[PDB]
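The chain below stands alone and is given as structure tokens, in the form deposited in one PDB entry.
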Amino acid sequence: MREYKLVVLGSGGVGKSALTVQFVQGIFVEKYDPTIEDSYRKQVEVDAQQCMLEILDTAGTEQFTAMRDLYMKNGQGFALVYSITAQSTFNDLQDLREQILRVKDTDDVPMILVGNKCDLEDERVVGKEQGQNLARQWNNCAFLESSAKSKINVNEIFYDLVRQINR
């Protein structure tokens, strides 16, 4: 069984922690503890392969630059999450991608572009075509639209991330 390090990046009001907890812990969290080792570990089958995924959530660490660089260095896949209700949260991902591309000297990095809070269609300000065009520019990487509350494309985030890692 192969082990995957998947790092979740994003701005403040994106709810990336919501996606992480929904993916690993599920809808019922009943007892929760984020200081224990296997709180971010989930065993998952993708493309007939059994994999152990570890999610590195940058919940309150994005202000500590050293920790951010070690996240980028240590991480195999990167999920850049934005909120479809805020344009600024979408624009903030370019600098994040550049920092990943600088920590890893190459340009080819396993990465998925995620538009979260997709169910709030009445508040949407960024079109799906924006994320499609950007992911196409970003070495034609994966692009998805998800909703942690509506349980849309939660597992597919890391499914497609693992696919990109194996690709």
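Rigid core: the largest C-alpha set superposing within 1.5 Å between the two forms. Start at 1 with the first residue shown and count on from there.
- For the cut-off of one third of the other compared entries, residue 28 stays well clear, since all of them model it along with its flanks.
- Per the compared records, residue 141 is unresolved in at least a third of the other entries whose models span it.
- As listed in the deposited structure, the average C-alpha B-factor of 5 to 13 and of 19 to 27 is greater for 19 to 27.
- Just going by the entry, 54 to 62 versus 132 to 140 on mean CA temperature factor gives the higher value to 132 to 140.
- Reading the B-factor column for the CA atoms of 109, 103, 118, 36 in the entry, the top value corresponds to 118.
- Residue 67 sits in the lowest third of its chain by CA B factor, as recorded in the PDB entry.
- In this PDB entry, residue 94 carries a Cα temperature factor that places it within the highest third of its chain's modelled residues.
Not on display, but discussed next: the form deposited in another entry.
- Core-superposed comparison between the shown form and the other one: the C-alpha position of residue 98 differs by less than 2 Å.
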